[PDB]
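Here is the structure we will look at.
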């Protein structure tokens, strides 16, 4: 349901309940809950009607008139009806503040006409002061000067109403620090006021605005400041509704990890996911195209490198991976390469660092593109439109018809895959415009999607224009990734519609023959790791530029909570000795690992892993004999 | 202490424990914990010694030789010593993989010399294959070609050792999915393997590297994927050490708030804290200056506006408020003005918006300075050095001697105040250089700090050059702040060493007479709120430029946790009806408010409060009669 009791603390006892005579907040903090004035504040600070249901100010700004609500009663400490709140109770309160030498008078002493002369003593009768009860329900204030901020003063303790009969009947005991010494017309009764112990309010069931009083009981235990941690301790046990924390105390950091974020996203792993562009499709059993003019224009468009690059630059990876992971986890799985950035290294430089240095040769469009993990560096609508206009003119000189239709199958029963593909259609069509490119998302069963993609071994059966797939490593060398596009044995050629031994026509068109020379020149380096990894980085740059394997994401990046000490476990990306279920070296702890501790441990591990692998590689020389 | 049991899940049963014959990960995930090979991985991925205590490769890269550790034993399922691990066990394992038609052979089939011919069947004797036991503790591999990634292959299941006696003795039952079907030499014993139920490992107490095995017991309950939420549920009950979360499930968001950050910093409040520059000091009972030449040069320096602006631009507020609040709470209390940004508004434009528009008249140094809350916009070391060089030349033409010494008292027993003042000395001296300015932090008792600042009513007793103090509002008008510098009645003049009715000399030097004309012109507007608040914004711009009241911070910004529904409570900055202990309108809830929910509620409240106050101000017209 919803709680109706509020429990917290207070720090200063009220020495007096006479709100007319003192405005120290140790009194007002009680009185503001139990005694109402002319106006209130809403949740936005606006001065809204309280005991005055309406108010007006004269044209000259000197006269303020308040129309009171009629059915409002004063109530005793015991809850018994005393009398009806009348306009004269506002003359009484202000007259009591003057006669009683109140400390809260300087806000209105020189504003209310004739009041300053009455407090100084040069008049002895209150009739001259600019507060009048024109009738039982009309309070009128007259000021010396116009005050645009006057209404902000009517919510002070000095300006509250006081019943004259009760004031004189109780006499010297009026305003004593006990609940029986004042009368109540506000949202709450003061049920208990025990010095250096407790303050208790209970909702007044006859309050005129009882429906806005949503907390029925309020209890404030006395807090001396001797134990700053009693509050967060009581809150954790459920005794307090709220708890102030103190950043300077010796215990703040422990409090921070107990109530801080604990969800962490595992580091990205070695499997790389990408989209395969079918540049040699001869199966159209599942297409949205109608003409052969559309099939032809699509086939020529996909063979154009500028057109594949325009698709690449137009694809919003964050929106695509926000559908599978979180919005907070969307960047945690993005990969802009095929070989992971740090899969190997030479002289402290990661493979992605090497591959990026070879990438700008292919054109200015690769400026600022880093072949890294964690953030989409490829998506660029400006670059995508610039790439497409170049493709548009090349194709338009070949009788190509626009828009280009692109079939992308997806399993209808896979909600995330549908949402992801719909986002792919969205980002590309938004960037390139639907008069240019149309992504035809074809939803279908598990098996027909599978029958035209993953179990369509024969390339001539691959029935799509774009499809998502992945690849993971088998040995600690870039070739385990980069060999999948090998013109004669590459396993990824069937996903592009290319058979391993045929199609020299298509292989030459997409440039896979130039890639083949890059593969063999890199493979020839059997000993020199520097030359070897430099030459494979040239191959990765070709893949990035080719846009045949439009990168999407990696494995890993899954959210989790854990009491495992992170980055103590043995680590590997090939073999079995660093797999996820390897427990040698792993440490456990009693407390949940917080997100901040995990991210600080990850950055330190990243820094140490770089140094360790580099020192290890230098030490490979000592194992020669 | 530290837990020694790991509890989680597994999803695929091992169909076989014969690691030589299959490399499916449903087998390797078990075997990697219980059977060791030549090399391991450390926590960084490096291939480190395992059963081979050292290894070498020939100059041509074709021959790899591994020196085994001697005291390693094979152990039964029961924990009984079987035999000592010898080099021949690596010939046996690879020969078993060939004879048994293993699926994990394609990694090394064409690398190990003569192996491919043996698996194809054109040789029938294993003596031709490039794996040899040169003695009981020397394994030698011969490759067809050099492979810089070869060692990454020796941690695969296919490459693990196998005892020949046990292999032939157990026969057809070898590798069955039961723990008695293999032998153990790795970190763990396989204690239980019940299909679709449990996998249990126990630490092997005789393991050669037992000190790196820090988890004693591992239990993996079978997880079928039928209930994705069983994992986070079991983790919350303490049954699992870790738990994967699934961002697509209907329950992820609830999981996120249960394990997400819950600490929130209350919004900044109306009290403004600032540093008062003593421009008229005639009490030197607590100073670090020695000469009169230093007192004179300091007195003239503080009267220079460029010098006060250089101090202002040089003061790092984030570092100062990182000592009182958190490092995560440091910006949560910063204020760059005297009047709060949104204290009043005209036509949807906040007072800080008005004041900023009047600020750039005073010079280019106020470019990009916003008079807002939340982020230090004043601190600028470039602007501080540019301001000081202008001050340097003006003062150097008046016989002023550098560095300028500035006394700043602080209560020694107040740790935070000491740390804060030391950071003030740090940031200013780092920016301006210690040959130019020196901030002399004078630590002292509670009372002497109090005796020369807050209870030194007479201005001639103010014994400092800079001191921190604050001021809060009494009515909803900018004048409640801006009147404190009034030349004849302003309460803040004594903090600058200026008496309310005297010192026309000093008042004219710092320009407080020009400020006085700004105050009266603004005060003259009794009705037009637009002209009134525009003219007070001109006064605030003068204060910002004067740098007599160098702004520091606000009240509020305190960290807390709460079950209160935020921004339902009545709100006010003057009066008593919106004070912190006002409970009318406040709502409670059962769950702890998370930081994300509180910050989304704050931004929405900020947006609504702006619209509500503006609609309210337009509606003030209907109350005229």
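So how many residues does region A:32-59 have that are over 20 Å from residue B:617 (Cβ atoms) and either more than 8 Å from chain B (Cβ to nearest Cβ) or surrounded by fewer than 23 Cβ atoms within 10 Å (Cβ to Cβ) (or both)?
Final tally of qualifying residues: 5.
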Residue within region B:269-286 that is closer than 29 Å to residue B:596 by Cβ, touching a residue at least 12 places away in the same chain (Cβ under 8 Å), within 11 Å of chain A (Cβ to nearest Cβ) and in a helix (DSSP H, G or I) present: no
Residue count for region A:18-31, restricted to those that are within 9 Å of chain B (Cβ to nearest Cβ), touching a residue at least 40 places away in the same chain (Cβ under 8 Å) and not in a loop (DSSP other than H, G, I, E, B): 3
Members of region A:595-610 found to be more than 9 Å from every other protein chain (Cβ to nearest Cβ) and within 18 Å of residue B:256 (Cα to Cα), listed by number: A:596, A:597, A:598, A:599
Residue match in region A:580-592 (condition: more than 9 Å from chain B (Cβ to nearest Cβ) and part of a helix (DSSP H, G or I)): no
Tally of residues being surrounded by 18 or more Cβ atoms within 10 Å (Cβ to Cβ) and at the interface with chain A (Cβ under 7 Å from one of its Cβ atoms) across region B:243-256: 5
Boolean, residue B:613 is surrounded by fewer than 16 Cβ atoms within 10 Å (Cβ to Cβ), out of contact with any helix residue (DSSP H, G or I) (no Cβ under 6 Å at 6 or more places or on another chain) and either under 20 Å from residue B:270 (Cβ atoms) or within 12 Å of chain A (Cβ to nearest Cβ) (or both): no
Residue among A:500, A:516 that alone is over 18 Å from residue A:337 (Cα atoms) and out of contact with any helix residue (DSSP H, G or I) (no Cβ under 7 Å at 6 or more places or on another chain): A:516
Unmet requirement for residue A:621, which otherwise passes all of (1) at the interface with chain B (Cβ under 10 Å from one of its Cβ atoms); (2) free of Cβ contacts under 8 Å to residues at least 40 places away in the same chain; (3) surrounded by fewer than 22 Cβ atoms within 10 Å (Cβ to Cβ): (1)
From the options A:116, A:80, A:109, residue that is more than 9 Å from every other protein chain (Cβ to nearest Cβ), free of Cβ contacts under 8 Å to residues at least 24 places away in the same chain and in contact with a helix residue (DSSP H, G or I) (Cβ under 7 Å, 6 or more places away or on another chain): A:109
Criterion: touching a helix residue (DSSP H, G or I) at 6+ places or on another chain (Cβ under 8 Å) and surrounded by 17 or more Cβ atoms within 10 Å (Cβ to Cβ) - qualifying residue of B:332, B:262: B:262
Residue within region B:160-168 that is in contact (Cβ under 8 Å) with a residue 12 or more places away in the chain and within 13 Å of chain A (Cβ to nearest Cβ) present: yes
Which numbered condition residue B:568 misses (of (1) away from chain A (no Cβ under 14 Å); (2) touching a strand residue (DSSP E or B) at 6+ places or on another chain (Cβ under 7 Å); (3) not in a strand (DSSP E or B)): (1)
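Look through A:551, A:559 and report the one residue that is under 34 Å from the mean Cα position of the chain (by Cα), at the interface with another protein chain (Cβ under 8 Å from one of its Cβ atoms), surrounded by 22 or more Cβ atoms within 10 Å (Cβ to Cβ) and in contact (Cβ under 8 Å) with a residue 24 or more places away in the chain. Break it down into steps so the answer makes sense when it comes.
Numbers: A:551 fails: at the interface with another protein chain (Cβ under 8 Å from one of its Cβ atoms).
Step by step, each of A:551, A:559 is checked, and only A:559 is under 34 Å from the mean Cα position of the chain (by Cα), at the interface with another protein chain (Cβ under 8 Å from one of its Cβ atoms), surrounded by 22 or more Cβ atoms within 10 Å (Cβ to Cβ) and in contact (Cβ under 8 Å) with a residue 24 or more places away in the chain.
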Residue satisfying condition, being surrounded by fewer than 18 Cβ atoms within 10 Å (Cβ to Cβ), over 30 Å from residue B:561 (Cβ atoms) and in the same structural domain as residue A:127 (by TED's automatic domain parsing), within set A:93, A:79: A:79
Looking only at region A:182-220, and only at residues there that are in contact with a helix residue (DSSP H, G or I) (Cβ under 6 Å, 6 or more places away or on another chain) and away from every other protein chain (no Cβ under 12 Å), the one that is surrounded by the fewest Cβ atoms within 10 Å (Cβ to Cβ): A:193
Selected residue (criterion: farthest from the other protein chains (Cβ to nearest Cβ)) from residues of region B:2-17 that are assigned to a loop (DSSP other than H, G, I, E, B) and under 23 Å from residue B:226 (Cα atoms): B:15
Matching entry among A:128, A:142, A:138, A:170 (being over 42 Å from the mean Cα position of the chain (by Cα) and closer than 17 Å to residue A:86 by Cα): A:138
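Is it fair to say residue A:149 is in contact with a helix residue (DSSP H, G or I) (Cβ under 9 Å, 6 or more places away or on another chain), touching a residue at least 40 places away in the same chain (Cβ under 8 Å) and either more than 13 Å from residue A:77 (Cα to Cα) or away from chain B (no Cβ under 12 Å) (or both)? Explain how you work it out, then say what you get.
Working: in contact with a helix residue (DSSP H, G or I) (Cβ under 9 Å, 6 or more places away or on another chain): yes; touching a residue at least 40 places away in the same chain (Cβ under 8 Å): no; either more than 13 Å from residue A:77 (Cα to Cα) or away from chain B (no Cβ under 12 Å) (or both): yes.
No: the conditions fail for residue A:149.
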Checking residue B:338 against (1) more than 14 Å from every other protein chain (Cβ to nearest Cβ); (2) in contact with a strand residue (DSSP E or B) (Cβ under 6 Å, 6 or more places away or on another chain); (3) over 29 Å from residue B:612 (Cβ atoms); (4) surrounded by 18 or more Cβ atoms within 10 Å (Cβ to Cβ), the condition it does not meet: (3)
Top-ranked residue of region A:257-268 - restricted to ones that are touching a strand residue (DSSP E or B) at 6+ places or on another chain (Cβ under 9 Å) and not in a loop (DSSP other than H, G, I, E, B), ranked as farthest from the other protein chains (Cβ to nearest Cβ): A:268
Filter pass, residue A:545 being in a helix (DSSP H, G or I), more than 9 Å from chain B (Cβ to nearest Cβ), touching a helix residue (DSSP H, G or I) at 6+ places or on another chain (Cβ under 6 Å) and surrounded by fewer than 16 Cβ atoms within 10 Å (Cβ to Cβ): no
Residues of region A:221-242 satisfying the condition of being assigned to a strand (DSSP E or B) and at the interface with another protein chain (Cβ under 8 Å from one of its Cβ atoms): A:242
Residue in region B:128-146 that is surrounded by the most Cβ atoms within 10 Å (Cβ to Cβ), counting only those that are within 14 Å of chain A (Cβ to nearest Cβ) and farther than 14 Å from residue B:55 by Cα: B:143
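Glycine also receives a Cβ, built like all others from the backbone with ideal geometry; neighbour counts cover every protein chain displayed. Numbers and lists here come from the model and the stated rules, or from a named source; nothing here is a laboratory result.
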